[PDB]
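Worksheet for the structure shown next.
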Amino acid sequence: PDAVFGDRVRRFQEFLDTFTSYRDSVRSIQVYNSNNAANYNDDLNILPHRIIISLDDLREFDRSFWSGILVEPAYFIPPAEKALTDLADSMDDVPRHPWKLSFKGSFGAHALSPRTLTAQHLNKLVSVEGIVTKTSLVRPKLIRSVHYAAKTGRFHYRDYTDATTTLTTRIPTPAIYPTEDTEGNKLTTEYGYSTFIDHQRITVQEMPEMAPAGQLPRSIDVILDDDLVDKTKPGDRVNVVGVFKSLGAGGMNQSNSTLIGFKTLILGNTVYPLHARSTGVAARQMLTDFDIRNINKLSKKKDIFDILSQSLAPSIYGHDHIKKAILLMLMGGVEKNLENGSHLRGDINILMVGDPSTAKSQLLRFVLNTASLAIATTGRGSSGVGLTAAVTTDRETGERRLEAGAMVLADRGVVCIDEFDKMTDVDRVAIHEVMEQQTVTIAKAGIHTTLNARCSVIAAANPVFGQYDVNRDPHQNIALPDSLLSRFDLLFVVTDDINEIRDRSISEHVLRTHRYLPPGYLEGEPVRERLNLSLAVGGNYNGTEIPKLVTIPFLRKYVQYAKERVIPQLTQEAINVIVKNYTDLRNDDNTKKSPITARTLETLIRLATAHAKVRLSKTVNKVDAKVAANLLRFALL
Amino acid sequence: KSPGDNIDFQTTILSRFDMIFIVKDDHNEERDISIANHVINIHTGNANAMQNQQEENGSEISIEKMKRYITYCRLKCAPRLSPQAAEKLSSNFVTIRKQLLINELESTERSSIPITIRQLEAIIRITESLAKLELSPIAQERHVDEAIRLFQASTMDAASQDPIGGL
Ligand SMILES: Nc1ncnc2c1ncn2[C@@H]1O[C@H](COP(=O)(O)OP(=O)(O)O)[C@@H](O)[C@H]1O
Ligand SMILES: [Mg+2]
């Protein structure tokens with residue numbers, strides 16, 4: 001019993017009593033676990049015993065304890081965890097594992113990168129952001145072994161600890177695995193009564209956009225324990241909060257005699273996956289009730305389809321039908337999985353082709369910034385293994401494993417392909433399978449695997465002459481094969497025809513767009529660039545929370561809500577419209593930019609379903625089918 | 001030959017550049033004499049003494065001092081165009097397209113060098129670049145006229161070298 005330990009425990013009791021949010025969070029975890037246990041008893045999921053703690057609240061309550069948490073976490077985190085366990089045990093007596101702690105908030109000088117991690121930060125709580133490059137196999141670690149002695153018919157047990165389990169060092173007492181009892185009787189291992197805690201080690205390298213352009217990168221190992229396991233995949237941007245620890249003896253013992261130094265790693269307490277641009281982490285936003293009410297009150301309006309569309313990229317003049325197509329693609333339709341395993345597409349593919357300087361790349365860059373899981377690729381820059389997958393070899397097991405390409409990484413997401421015309425044919429015929437079957441089949445030497453590639457694709461192409469020609473055949477203008485043309489749901493030809501009034505209006509719009517100042521910025525000061533890393537949970541300038549046209553942060557709240565919540569179902573009144581329009585398009589005498597197949601019918605169904613998603617309707621209506629039908633007519637005529 | 005016929009790459013690459021210069025072989029006696037005199041001045045060392053004298057005078061600035069000044073003006077100044085400087089740009093942008101439209105309608109062949117909205121943003125960038133020299137937070141009409149003159153000297157005369165862009 002240590003007196004300063006008890007004093008720190010009592011101080012964290014006072015902090016937990018003052019801030020009732022953590023008191024409510026412990027109770028909310030406990031009622032969820034007890035309700036699931038009662039459901040399993042009567043007729044699932046379990047929540048881990050750890051609490052998110054704000055460092056700013058602790059700093060306001062007690063600056064000494066906050067600086068103790070940051071600077072000497074070994075002396076301050078175990079008292080606080082003991083205090084949290086005491087609180088949870090005092091409340092859970094009426095309805096066993098000790099409670100853990102996680103940390104959020106500003107870290108100040110402790111917000112570092114793997115390059116910025118130095119030996120002065122050892123034995124300190126640090127928050128480190130980077131990219132996950134390597135992850136190890138999840139391995140169980142024996143904590144208590146249970147054994148049976150058949151001669152006496154009794155169960156024995158032995159507890160095992162290692163240096164990574166405790167923040168404070170302890171005298172290492174290595175107790176061997178018992179095969180005798182104290183009297184010499186044979187022991188048999190009771191697998192299933194023993195306890196094994198999951199253990200992982202990941203490598204966090206500094207982000208390639210925050211790393212210097214010529215230097216070799218710096219990384220650090222992070223050890224994760226039971227409930228922090230498998231919260232990451234390789235390629236994720238992460239923020240790991242944990243204690244920068246030194247372990248063992250750096251060769252000072254006689255047996256060791258070498259200059260690896262003291263081995264250093266982060267004992268992770270907290271792992272936040274971060275959303276960065278063109279990464280595999282999907283952007284998510286926490287929806288408050290007020291935002292849900294705003295989304296629902298916009299849903300009842302009649303002009304909601306012409307309000308969200310024009311508010312996508314208001315800094316681009318024209319392309320009004322393309323904005324509608326991008327919105328319906330972001331809604332993304334409903335995927336059908338039949339009882340015999342046959343799959344039907346839900347997502348919408350858009351090809352744009354036409355004259356240069358027509359804001360195609362700007363639209364691609366907008367979709368890269370406004371979509372939750374958009375990944376940007378270029379034509380010749382990416383390759384066949386670049387988009388689909390590749391096979392490499394890991395160091396430990398020596399067996400071949402898979403590296404996921406851009407299409408696999410953008411599963412349930414968005415692929416923005418610029419310079420679609422300049423792509424190699426091998427990667428084309430790779431893309432044929434992805435855009436329809438929505439899967440990637442790898443048949444390499446020894447490995448045969450099917451990966452999910454459920455993706456929306458936006459493509460920007462150019463005509464073979466550099467400029468679109470009205471008098472020439474559009475098949476001659478695009479010069480793309482028929483099978484790729486059929487995959488894309490909507491194909492838009494954007495010609496830079498020039499008229500005096502239109503050039504006047506575009507010139508005024510661009511000139512008034514270049515005269516924008518951000519709020520809080522001086523007239524002469526340059527706008528600074530801060531890279532956007534968002535936490536993933538689970539032409540008028542003054543648009544402020546749905547006055548006329550919505551903000552981009554609110555618009556992706558609407559898209560997220562419509563994607564998770566409503567799953568519209570097709571009905572007869574939409575079916576008649578889409579059947580009539582499909583028959584008319586199949587038997588039209590007019591020449592079309594896009595060929596007409598049975599794929600256009602499913603395009604009509606997906607577009608009607610996507611428009612129903614905009615209205616937050618559980619049913620697809622006639623008005624959805626007609627707008628989906630005459631949106632297709634613009635892309636064809 | 002056309003300007004797009006002379007280059008060994010796609011004509012759409014030209015549209016991505018803000019200012020394109022076509023450097024000419026003058027083939028004139030008096031220009032050749034002057035350029036030969038200048039190169040002999042450089043090789044003799046008279047150019048070094050003259051440049052040092054002008055740097056003492058101040059009509060020429062030092063390279064390191066220019067580098068540090070460029071860094072200073074890049075971090076400090078970011079000019080904005082005035083509203084009275086916008087309508088002149090919108091007129092001087094639409095007159096080029098008015099000439100180009102009737103030229104391409106008469107010829108019925110598309111010009112090898114195009115004028116696009118990216119060229120409008122290019123003239124905007126030139127205008128806000130001239131004001132960044134003066135550490136001026138406001139781009140005025142006097143910068144717009146110099147930007148138009150610079151665009152005439154580079155992109156427009158190269159476009160007039162194209163027979164389709166001329167006429
Ligand atoms: N309709 C338009 N409205 C606003 N800006 C435009 C428009 N068309 C082109 N631009 C501007 O011209 C520039 C040229 O880039 P972009 O048009 O995206 O090239 P491309 O069309 O060849 O992909 C962009 O910065 C964009 O802002
Ligand atoms: Mg482009």
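Letters A, B, ... mark the chains of the structure tokens in the order given; residue numbers begin at 1 per chain; ligand numbers begin at 1, in order shown.
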Can I get the residues close to ligand 2 as a list in words, where close means within 9 Å and we count only C-alpha atoms and all ligand atoms?
residues 356, 357, 358, 359, 360, 361, 362, 364, 418, 419, 460, 461 and 462 of chain A
Could the residues of chain A that have an atom at most 12 Å from ligand 1 be listed as a tab-separated table, each with its closest atom pair and the distance in Å to one decimal, counting only C-alpha atoms and all ligand atoms and ordered by chain and ascending residue number?
```
residue	atom	partner	partner_atom_place_in_ligand_line	distance
A:313	CA	ligand 1	4 (C)	9.0
A:314	CA	ligand 1	4 (C)	8.5
A:315	CA	ligand 1	4 (C)	5.6
A:316	CA	ligand 1	3 (N)	3.4
A:317	CA	ligand 1	3 (N)	3.8
A:318	CA	ligand 1	1 (N)	5.6
A:319	CA	ligand 1	1 (N)	7.1
A:320	CA	ligand 1	1 (N)	10.1
A:322	CA	ligand 1	1 (N)	11.5
A:323	CA	ligand 1	1 (N)	12.0
A:352	CA	ligand 1	23 (O)	10.0
A:353	CA	ligand 1	21 (O)	9.4
A:354	CA	ligand 1	21 (O)	8.2
A:355	CA	ligand 1	21 (O)	6.9
A:356	CA	ligand 1	22 (O)	3.7
A:357	CA	ligand 1	17 (O)	3.3
A:358	CA	ligand 1	21 (O)	3.4
A:359	CA	ligand 1	17 (O)	3.2
A:360	CA	ligand 1	23 (O)	4.0
A:361	CA	ligand 1	23 (O)	3.7
A:362	CA	ligand 1	18 (O)	4.1
A:363	CA	ligand 1	18 (O)	7.0
A:364	CA	ligand 1	18 (O)	8.3
A:365	CA	ligand 1	18 (O)	8.6
A:366	CA	ligand 1	18 (O)	10.2
A:417	CA	ligand 1	23 (O)	11.6
A:418	CA	ligand 1	23 (O)	8.4
A:419	CA	ligand 1	23 (O)	8.9
A:420	CA	ligand 1	23 (O)	11.6
A:459	CA	ligand 1	23 (O)	10.9
A:460	CA	ligand 1	23 (O)	7.6
A:461	CA	ligand 1	23 (O)	8.9
A:462	CA	ligand 1	22 (O)	8.5
A:463	CA	ligand 1	22 (O)	11.5
A:466	CA	ligand 1	22 (O)	10.3
A:467	CA	ligand 1	22 (O)	10.8
A:493	CA	ligand 1	21 (O)	11.9
A:494	CA	ligand 1	21 (O)	9.3
A:495	CA	ligand 1	21 (O)	10.3
A:496	CA	ligand 1	8 (N)	8.9
A:497	CA	ligand 1	1 (N)	11.5
A:498	CA	ligand 1	1 (N)	11.5
A:502	CA	ligand 1	1 (N)	9.9
A:503	CA	ligand 1	1 (N)	9.7
A:504	CA	ligand 1	1 (N)	11.9
A:505	CA	ligand 1	3 (N)	9.8
A:506	CA	ligand 1	3 (N)	6.4
A:507	CA	ligand 1	4 (C)	8.6
A:508	CA	ligand 1	4 (C)	10.0
A:509	CA	ligand 1	4 (C)	7.2
A:510	CA	ligand 1	4 (C)	5.8
A:511	CA	ligand 1	4 (C)	9.6
A:512	CA	ligand 1	4 (C)	10.6
A:513	CA	ligand 1	4 (C)	8.4
A:514	CA	ligand 1	27 (O)	9.7
A:539	CA	ligand 1	4 (C)	10.4
```
Contacts of range 195-206 of chain A within 10 Å, only C-alpha atoms, excl. fewer than 2 positions in-chain, as a PyMOL selection string:
chain A and resi 112-116+128-146+159+191-193+208-212+217-230+232-240+265-268
Per-residue nearest contacts of chain A to chain B (6 Å; only C-alpha atoms) as a Markdown table:
```
| residue | atom | partner | partner_atom | distance |
| --- | --- | --- | --- | --- |
| A:507 | CA | B:90 | CA | 5.4 |
| A:524 | CA | B:137 | CA | 4.3 |
| A:525 | CA | B:78 | CA | 5.8 |
| A:526 | CA | B:78 | CA | 5.0 |
```
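Here CA of residue 442 in chain A stands at a distance of 17.5 Å from CA of residue 455 in chain A.
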Run DSSP on the backbone of this structure and report the residues of chain B it assigns to helix (DSSP H, G or I), as a ChimeraX atom specification.
/B:3-6,12-15,29-44,46-57,63-76,83-107,117-133,141-161
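Within chain B, DSSP run on the backbone puts these residues in strand (DSSP E): residues 80, 81, 138 and 139 of chain B.
Atom to atom, CA of residue 332 in chain A and CA of residue 300 in chain A stand 20.5 Å apart.
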